[PDB]
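The structure under discussion appears below in the form of C-alpha cells.
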Number of protein chains: 4
Amino acid sequence: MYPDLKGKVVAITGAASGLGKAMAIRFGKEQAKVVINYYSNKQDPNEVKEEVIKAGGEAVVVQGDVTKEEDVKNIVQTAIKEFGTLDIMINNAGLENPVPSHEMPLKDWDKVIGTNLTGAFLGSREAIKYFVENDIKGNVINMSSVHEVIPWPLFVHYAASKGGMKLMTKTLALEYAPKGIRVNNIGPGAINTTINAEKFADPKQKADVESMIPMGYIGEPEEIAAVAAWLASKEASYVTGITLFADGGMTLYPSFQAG
Amino acid sequence: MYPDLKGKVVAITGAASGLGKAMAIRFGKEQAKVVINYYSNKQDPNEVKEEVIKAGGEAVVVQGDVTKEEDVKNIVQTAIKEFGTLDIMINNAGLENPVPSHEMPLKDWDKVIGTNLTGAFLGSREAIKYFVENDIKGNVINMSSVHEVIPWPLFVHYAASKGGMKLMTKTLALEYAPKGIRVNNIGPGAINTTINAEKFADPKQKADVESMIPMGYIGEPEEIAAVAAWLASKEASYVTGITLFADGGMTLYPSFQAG
Amino acid sequence: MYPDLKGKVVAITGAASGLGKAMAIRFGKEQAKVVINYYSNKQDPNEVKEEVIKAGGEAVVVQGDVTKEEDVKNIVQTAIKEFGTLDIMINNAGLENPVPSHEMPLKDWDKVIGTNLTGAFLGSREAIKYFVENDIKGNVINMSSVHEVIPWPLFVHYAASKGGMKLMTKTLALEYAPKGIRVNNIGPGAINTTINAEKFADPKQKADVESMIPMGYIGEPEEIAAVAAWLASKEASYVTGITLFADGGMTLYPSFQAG
Amino acid sequence: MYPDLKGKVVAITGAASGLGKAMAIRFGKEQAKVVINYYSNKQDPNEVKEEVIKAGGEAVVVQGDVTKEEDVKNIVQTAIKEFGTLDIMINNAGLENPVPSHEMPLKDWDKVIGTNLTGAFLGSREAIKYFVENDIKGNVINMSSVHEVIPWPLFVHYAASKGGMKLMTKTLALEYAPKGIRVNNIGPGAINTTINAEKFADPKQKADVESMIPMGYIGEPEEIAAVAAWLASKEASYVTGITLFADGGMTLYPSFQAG
Ligand SMILES: NC(=O)c1ccc[n+]([C@@H]2O[C@H](COP(=O)([O-])OP(=O)(O)OC[C@H]3O[C@@H](n4cnc5c(N)ncnc54)[C@H](O)[C@@H]3O)[C@@H](O)[C@H]2O)c1
Ligand SMILES: NC(=O)c1ccc[n+]([C@@H]2O[C@H](COP(=O)([O-])OP(=O)(O)OC[C@H]3O[C@@H](n4cnc5c(N)ncnc54)[C@H](O)[C@@H]3O)[C@@H](O)[C@H]2O)c1
Ligand SMILES: NC(=O)c1ccc[n+]([C@@H]2O[C@H](COP(=O)([O-])OP(=O)(O)OC[C@H]3O[C@@H](n4cnc5c(N)ncnc54)[C@H](O)[C@@H]3O)[C@@H](O)[C@H]2O)c1
Ligand SMILES: NC(=O)c1ccc[n+]([C@@H]2O[C@H](COP(=O)([O-])OP(=O)(O)OC[C@H]3O[C@@H](n4cnc5c(N)ncnc54)[C@H](O)[C@@H]3O)[C@@H](O)[C@H]2O)c1
Ligand SMILES: [Cl-]
Ligand SMILES: [Cl-]
C-alpha cells in the first residue's frame, strides 16, 4: 500500500505475539525487512518470521529483554548486520498486572515501569543514535495506550508508564525534528490479542469492555498494524510528536453517551 | 493507494483553493467522486474539477456559503443527486483576520465563528443525518488547526472557533460511534497554501514561521491531503474522535528546543 | 479569607441564580463590591444584593442580556459608575438544552453559542479594554464546564461553546499576561443549583449522576464560589490561562473505576 | 488563611530547600504540624524547623531518601509517632540534569525516574494506605512541572517522570475518590529557588527564561506554596485529579505571542 516502505528496515519489540506480531506481518505485506524481537521462551517467533516472509517481506528473529541495555543494542545491531541499516524502530513490548495502588509492591511497579517505559526509552535512544550518526531520516513508533490519558485504577504502574511514554515521545520528537526524525505514539483501546483471549472468553467481561467502547466492538490487531504502517510511511511526513488513538472512541468518555 | 476509497462520494467545503483543493485532487487520485463546494465564481472551481478527473476521479462543482443553512443542505443534496449517495463529508471552509482581542469587533468574531465552527456544525449535521437515515457507515473530517490547542493572540475568534470545533467533533464522534460513523479533526500547522503566499514571500516572515516549526519547513498541501485520505479510508477503521495534528511539531512547544 | 479582595470591584453575569449568586455572596464575605447582573425581572436580584450586603460586601444590581453588546458594555459601566473601577470580571451566564446533534436546530445552536461563548467573549473584551485603558492588573474568570474536555451527546452546542471558551480564555491569557491581567476558567462538574433540582429530585437520575462522580456526591455551589474567590485573589498571582476543574473527579473517566 | 488546616499534619519531601521549604513555612503560617523530610544534614533542616515554628506551626525533621522504600515508610511513621496522625502528604523531592536524549545514560534515567516518579508513587502509596486503614479523608499533593505537558529536550528523563506522575496522580485520585481522599498535582513554571540562583545570576539566562514567561517574571517560591495550601484545604473540597499550573503562562505557548 505504501510504496516507500518497500525495502525499509523495521525492528519491532514484543513481535512474537499480539500487536507486535500483527505489525510484523503488515510490514511484511509492505515488503519491508523486519527484525522480530521476542523475549519469552514460549512464543514461536519463527512462525511469525514465516508469516512475514509469506506476506512479501524479509525477517530475522532475535531474542532480547528490553530492560537490558545490551539486549536493546543487539536488536539494533541485528538490523545493521542482517539488512545493512535501520529505518523504523517500534517499541511495543509491554505488560500489566492488577493490584490496589495502596498495596502495589515496588517490585511490580518497577517491572512495569522498566518494561513499558524504560524499555521504550532504550529502544528509542539506540535507534535515534543510529539515525543521527548515519544521517537517516528515521522513524520511531512507541506503543502506548488509551491509558496515557485514561487513568487506570489497579494499574497505576501501567498508567504511569504510558503517561511517561507520552512525554518521552514528545520530547524526542521535539529534540530530533530538525534532523527529520519523527517520533510518535499509537494509543490502542481494547484489542483482541491472544494475551486478552482469557479475559474476553468470559462473556461478561467481553460485554463490559464492549460497553466502554462507543463503536461497540473490540478492535482487531490489524486495525493497529494499519496505523503503524501509515505513521512509518512518508504519507505521515509532517506528523511528529503525536499520539494517534485507535480506540473505537474510548478516550471520548463512554459514561457520557446519551443511551 | 486506498482501494476502498474508489467510487466513494466525498463532499468538500472550501474546495476551490488551498487545502480543500489539495484534498479534492488527492481524492481524485484515490478514484473517488468529489463534490467541490466553492464560494465565489472568481475561484475557478472547474479547474479543480478537471484536475480531480485528470488524477483519476469524478467531480462536480456547487456554489455555497457554509454560513447559510440552505446552502449547506444543498451541498449534501448535490452529492446525492449527482452521484447517488454520500460517504465522506469534509468541512474545510474557514477564514481568519488579526485584531487585538480587546478591540475585536463583534462582526469579525461572528463571521469567524459562523464560518469556521457553525459552518462545520451544519455540514456535519447534514452529512450525519443522511448517514443515519440510510444506514451508511459514513465519515466526517473537520479541518481544525494547531490553534485548537495553541492559543492565538490577535486571532481570539479563530482560536475559539477551533477549540469549539474540537469538542463538537468529539461529541459527534461519541454520539454516532454506535452507528459506525466516524468523526475526526485534522490539525495542520503552517502550510504553504496560496492564501499564505504573500506572507511567505517576505523572507523575514517565512524565516520567523520556520523558526516555530521543529521539523524546520512549512508543510505542503499534499501532506495534509494525505492525512484526509487515510482518515477517510478503512485503514482508520478504529479511529474516531481524534485530532490528527500534522504540524512539523508546532504543538510540541518550539520555544523549549535545546538549540 | 483573602484580605486583598476587600474593596475590589467584581462584576458577575448570571448572578441572580445558582453559581453566579453563590459567587456574589462569597465575594460579599470577602468584603468586595459586587455588580450583580441579572437577566429577567422574574428573578429576584435584590435578594442576592441583600445577601451580599449581609455577608459583608457592597452590591448593585443591573439587568442585562449578554447576547447584546450594549448590555455587556453597560455591565462594565455600572461597575465604573457605582464603584469607581472594575477589578474582576466573571462571565458566568449560560444555558443548555438536549437535542440529538443530527436533529439540533440552528436556532438552538445559535442561542447556546451566543449566550455561553459570545457572551463571555463580549464580557472579557469589555473588561480587558477597561483594564488596558486604565493600567489595571485585572482578573477575568470564565465559567466553563467539565464539557470543555468531556464530550456531551445531545449537547453538542454546549460542548462546542465551552471548548471554544477554553481557547478564548487561553488566547486572552497569553495576549494580556504581559500587562499583569490574568484570565482563567473554572470547570464545574455536577453542582446542586436550583436549575438542576428537577433532575436530582428524581432519585434514579440523582443516583445515575452520582455514579459518574468518583467522589460520590453532587457538589454544592459554595464549592465553586471557593474556586472563584481563590483565582481572583493574589494567592493565584502566578496562575493564568488555566482551567481549574472542580468536578469530584468526573474528568478522570468514571467508567474506568475498579468498582 | 485556611482555618481547617490548623492542627493538620502535613509531611513534605525535599522540605529542606526551595519549594519544599517554602511549603513547610506556609503550612506553618496555617498553624499546621509539619514533618520536614530532608536528604542530607549538609542541608540545615533545623533552620527550616525553626522558621516553621516562627511562622506559627509545629515541626519535626526526618532524614530520608525517597528512592528507599523503608525511608518513605519512616516519613509517614514519623508523622504518626510525633503528631498522632497524617492528614496531607506532599511528594516534592526531585532532580534533573541535561543530556542529549540519544546519549542519555540509563543510570541518569533511572535516578530521575526513581526520585521524581517512583519516589512520589511510594509516598502517595504509604500515605493513602494510612488514610484507608484509619478512615482519614486525607490529601496528597504531588509536585510536578510544566514538563508534564511541555516536552523538554535534554531532559527526557524528567519529562517522562512528570508525564508519568500526572497519570499516577489521576489514577490514585480516581481509585480513592470514593473514600474522600483527594490527589492533585501542582505544575510550576520557572521559580526562583536557590538551586536556580546560579543560572538566574547570569543576566542573559535570566532574560532568556523571562522571554518564555508571558507574565514576564520568574515566580517566587511563596507563589507555589500558596497553591499547595489551597489544594490541601477544604476550599478545594471538590477538586481532585487535577494539575494546577502556576507558571506565569508558560503552558500557553510563548512563541505564539502577538509580538
Ligand atoms: N491489546 C490491547 O488491548 C492493548 C491496549 C493498549 C495497549 N497495548 C499495548 O500494546 C503492546 C502489545 O500488547 P499486546 O496486546 O500485543 O500483548 P502481548 O502481551 O502479546 O504483547 C507484549 C509482548 O511484549 C513481550 N515482552 C514483555 N516483556 C518483555 C521484555 N522485557 N523484553 C522483550 N519483550 C517483552 C511479551 O513477551 C509479548 O510478546 C503493549 O505495549 C501493550 O501495553 C495493548
Ligand atoms: N494553510 C494553513 O496553514 C492552515 C493552517 C491551519 C488550518 N488551516 C485551515 O484549513 C482550511 C483551509 O485553509 P487554506 O489554507 O486552504 O486557506 P483558504 O483561505 O484558501 O481556504 C479557505 C476556503 O474556504 C472558503 N470559504 C470561506 N468562507 C466561506 C463560506 N462562508 N462559505 C464557503 N466557503 C467559504 C474560501 O473561499 C476558501 O476557498 C481552513 O479551515 C483553515 O482555517 C489552514
Ligand atoms: N450547575 C452545574 O452543574 C454546572 C456545571 C457546569 C457548568 N455550569 C455553568 O455555570 C454557569 C451558571 O449555571 P448555573 O448552574 O448556575 O445555572 P442557572 O441557570 O441558575 O444560571 C445561569 C444564569 O444565566 C442567566 N442567563 C441566561 N441567559 C442569559 C443571557 N442571555 N444574558 C444574561 N444572563 C443570562 C440565567 O438567567 C441564570 O441566572 C453556566 O455558564 C453553566 O453552563 C453549571
Ligand atoms: N524551581 C523550579 O523552577 C521548579 C519548576 C518546576 C518543578 N520543580 C520541582 O519542584 C520540586 C522542588 O525543586 P526545587 O526548585 O525546590 O529544587 P531543589 O533541588 O532545591 O529541591 C529538591 C529537593 O529534593 C531533595 N531530594 C533530591 N533527591 C532526593 C531523594 N532521593 N530523597 C529525598 N530528597 C531528595 C533535594 O535534596 C532538595 O531538598 C522538584 O520536584 C522539582 O522538579 C521546580
Ligand atoms: Cl467515562
Ligand atoms: Cl512555544
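Every chain in the C-alpha cells has a letter given in the order shown (A, B, ...), and although residue numbers restart at 1 in each chain, ligands are simply numbered from 1 in the order shown.
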### Task
Within 8 Å of segment 82-90 of chain C, counting only C-alpha atoms, which residues show up once you throw out same-chain ones fewer than 5 positions away? Write them as JSON, numbers by chain, please.
{"C": [8, 9, 10, 11, 12, 13, 33, 60, 76, 123, 124, 127, 130, 131, 136, 137, 138, 139, 140, 141, 142, 143, 232]}
### Task
Please identify every polymer residue within 7 Å of ligand 6, using only C-alpha atoms and all ligand atoms, and present the set as a ChimeraX atom specification.
/B:253-256 /D:253-256
Save the residues we just selected, N, CA and C atoms, as a PDB file, in the first residue's frame?
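Written out: part_33.pdb:
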```pdb
ATOM      1  N   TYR B 253       5.783  22.831  21.489  1.00  0.00           N
ATOM      2  CA  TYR B 253       6.303  23.996  22.206  1.00  0.00           C
ATOM      3  C   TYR B 253       7.699  24.335  21.692  1.00  0.00           C
ATOM      4  N   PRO B 254       7.788  24.997  20.525  1.00  0.00           N
ATOM      5  CA  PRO B 254       9.086  25.245  19.909  1.00  0.00           C
ATOM      6  C   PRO B 254      10.026  26.128  20.715  1.00  0.00           C
ATOM      7  N   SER B 255       9.491  26.937  21.634  1.00  0.00           N
ATOM      8  CA  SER B 255      10.358  27.755  22.470  1.00  0.00           C
ATOM      9  C   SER B 255      11.237  26.893  23.379  1.00  0.00           C
ATOM     10  N   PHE B 256      10.888  25.612  23.587  1.00  0.00           N
ATOM     11  CA  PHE B 256      11.629  24.788  24.533  1.00  0.00           C
ATOM     12  C   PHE B 256      12.661  23.876  23.872  1.00  0.00           C
TER      13      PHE B 256
ATOM     14  N   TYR D 253       2.158  28.510  25.287  1.00  0.00           N
ATOM     15  CA  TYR D 253       2.957  28.530  24.073  1.00  0.00           C
ATOM     16  C   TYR D 253       3.510  29.938  23.853  1.00  0.00           C
ATOM     17  N   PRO D 254       4.586  30.306  24.552  1.00  0.00           N
ATOM     18  CA  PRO D 254       5.066  31.695  24.495  1.00  0.00           C
ATOM     19  C   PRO D 254       5.592  32.121  23.123  1.00  0.00           C
ATOM     20  N   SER D 255       5.963  31.169  22.274  1.00  0.00           N
ATOM     21  CA  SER D 255       6.381  31.516  20.922  1.00  0.00           C
ATOM     22  C   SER D 255       5.237  32.133  20.120  1.00  0.00           C
ATOM     23  N   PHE D 256       3.976  31.972  20.546  1.00  0.00           N
ATOM     24  CA  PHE D 256       2.849  32.435  19.751  1.00  0.00           C
ATOM     25  C   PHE D 256       2.292  33.781  20.218  1.00  0.00           C
TER      26      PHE D 256
END
```
### Query
Which chains and residue numbers are within 7 Å of ligand 2, counting only C-alpha atoms and all ligand atoms, if I want them as a PyMOL selection string?
chain B and resi 13-20+38-40+64-67+92-95+115-116+143-146+187-196
Only C-alpha atoms, please: the residues just picked out, written as an mmCIF file, in the first residue's frame.
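Full text of result-v3.cif as output:
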```
data_model
loop_
_atom_site.group_PDB
_atom_site.id
_atom_site.type_symbol
_atom_site.label_atom_id
_atom_site.label_comp_id
_atom_site.auth_asym_id
_atom_site.auth_seq_id
_atom_site.Cartn_x
_atom_site.Cartn_y
_atom_site.Cartn_z
ATOM 1 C CA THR B 13 -16.218 22.699 1.538
ATOM 2 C CA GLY B 14 -13.721 25.396 0.585
ATOM 3 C CA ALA B 15 -12.540 23.067 -2.183
ATOM 4 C CA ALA B 16 -11.647 25.663 -4.839
ATOM 5 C CA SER B 17 -8.405 26.694 -3.071
ATOM 6 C CA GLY B 18 -5.616 25.622 -0.731
ATOM 7 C CA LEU B 19 -6.146 22.528 1.439
ATOM 8 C CA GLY B 20 -9.659 21.854 0.132
ATOM 9 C CA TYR B 38 -16.804 26.756 -3.785
ATOM 10 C CA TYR B 39 -17.615 30.204 -2.509
ATOM 11 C CA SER B 40 -17.061 32.629 -5.405
ATOM 12 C CA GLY B 64 -22.454 27.549 -1.440
ATOM 13 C CA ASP B 65 -21.912 29.722 1.622
ATOM 14 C CA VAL B 66 -21.491 27.497 4.693
ATOM 15 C CA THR B 67 -22.969 30.261 6.895
ATOM 16 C CA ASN B 92 -12.795 22.711 5.426
ATOM 17 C CA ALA B 93 -14.036 26.271 4.708
ATOM 18 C CA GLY B 94 -12.527 28.871 7.013
ATOM 19 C CA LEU B 95 -11.149 32.371 7.441
ATOM 20 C CA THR B 115 -17.850 30.174 9.056
ATOM 21 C CA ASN B 116 -15.303 28.115 10.952
ATOM 22 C CA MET B 143 -10.471 20.831 9.263
ATOM 23 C CA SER B 144 -9.164 22.303 12.506
ATOM 24 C CA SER B 145 -5.752 23.795 13.319
ATOM 25 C CA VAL B 146 -2.905 23.631 15.805
ATOM 26 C CA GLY B 187 -4.905 19.895 12.831
ATOM 27 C CA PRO B 188 -2.491 21.492 10.315
ATOM 28 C CA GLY B 189 0.379 23.697 11.345
ATOM 29 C CA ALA B 190 1.761 26.194 8.837
ATOM 30 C CA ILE B 191 1.033 25.007 5.291
ATOM 31 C CA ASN B 192 2.142 26.583 2.013
ATOM 32 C CA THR B 193 -1.292 27.285 0.541
ATOM 33 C CA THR B 194 -1.886 30.150 -1.887
ATOM 34 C CA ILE B 195 -3.607 32.254 0.812
ATOM 35 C CA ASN B 196 -0.242 32.306 2.671
#
```
### Query
Once you count only C-alpha atoms, which residues of chain B turn out to be within 9 Å of chain D? Could you give them as a PyMOL selection string?
chain B and resi 100+149-154+212+251-258
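Around residue 73 of chain C, within 9 Å and counting only C-alpha atoms, the residues found are residues 68, 69, 70, 76, 77, 78, 122, 123, 126 and 127 of chain C, once anything fewer than 3 positions away on its own chain is removed.
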How would the residues just picked look written out with N, CA, C and O atoms as a compact mmCIF listing (two decimals), in the first residue's frame?
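Written out: again_8.txt:
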```
# COMPACT_ATOMS: atom_id res chain seq x y z
N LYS C 68 -26.37 40.84 23.97
CA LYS C 68 -26.47 42.19 23.43
C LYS C 68 -25.24 42.99 23.82
O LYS C 68 -25.01 43.26 24.99
N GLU C 69 -24.49 43.39 22.82
CA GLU C 69 -23.26 44.12 23.01
C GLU C 69 -23.44 45.32 23.95
O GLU C 69 -22.62 45.58 24.82
N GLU C 70 -24.53 46.07 23.76
CA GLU C 70 -24.74 47.29 24.53
C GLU C 70 -24.98 46.97 26.01
O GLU C 70 -24.56 47.71 26.89
N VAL C 76 -20.21 46.69 32.53
CA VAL C 76 -18.92 47.22 32.92
C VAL C 76 -19.07 48.67 33.37
O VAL C 76 -18.51 49.07 34.39
N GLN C 77 -19.86 49.47 32.64
CA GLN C 77 -20.06 50.86 33.00
C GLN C 77 -20.74 50.99 34.37
O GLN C 77 -20.49 51.94 35.08
N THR C 78 -21.60 50.03 34.71
CA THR C 78 -22.23 50.03 36.02
C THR C 78 -21.18 49.92 37.13
O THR C 78 -21.26 50.61 38.14
N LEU C 122 -17.68 38.87 24.83
CA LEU C 122 -18.02 40.29 24.98
C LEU C 122 -17.65 40.80 26.38
O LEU C 122 -17.07 41.88 26.50
N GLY C 123 -17.97 40.04 27.42
CA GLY C 123 -17.64 40.45 28.78
C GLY C 123 -16.13 40.54 29.00
O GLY C 123 -15.63 41.48 29.61
N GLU C 126 -14.79 43.65 27.02
CA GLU C 126 -15.09 44.94 27.63
C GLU C 126 -14.31 45.13 28.93
O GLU C 126 -13.81 46.21 29.17
N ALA C 127 -14.15 44.07 29.73
CA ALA C 127 -13.37 44.16 30.95
C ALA C 127 -11.91 44.44 30.64
O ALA C 127 -11.29 45.32 31.25
```
### Message
I need the residues in segment 115-254 of chain D that are alpha helix (DSSP H) according to DSSP; give them as a ChimeraX atom specification.
### Response
/D:119-133,156-176,197-201,203-210,221-232
#### Entry: Per-residue DSSP, segment 56-255 of chain B, filtered to strand (DSSP E), as JSON, numbers by chain
{"B": [58, 59, 60, 61, 62, 63, 88, 89, 90, 91, 139, 140, 141, 142, 143, 182, 183, 184, 185, 186, 187, 188, 243, 244, 245, 246]}
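Nearest-residue note for ligand 4: choosing from D:147, D:102, D:54, D:179, the minimum distance belongs to D:147, counting only C-alpha atoms and all ligand atoms.
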### Message
Could you list, as a PyMOL selection string, every residue within 8 Å of residue 160 of chain A, counting only C-alpha atoms and ignoring same-chain residues fewer than 6 positions away?
### Response
(chain A and resi 113+148) or (chain D and resi 163-168)
### Query
What separation in Å, quoted to one decimal, exists between atom CA of residue 178 of chain B and atom CA of residue 240 of chain B?
11.2 Å
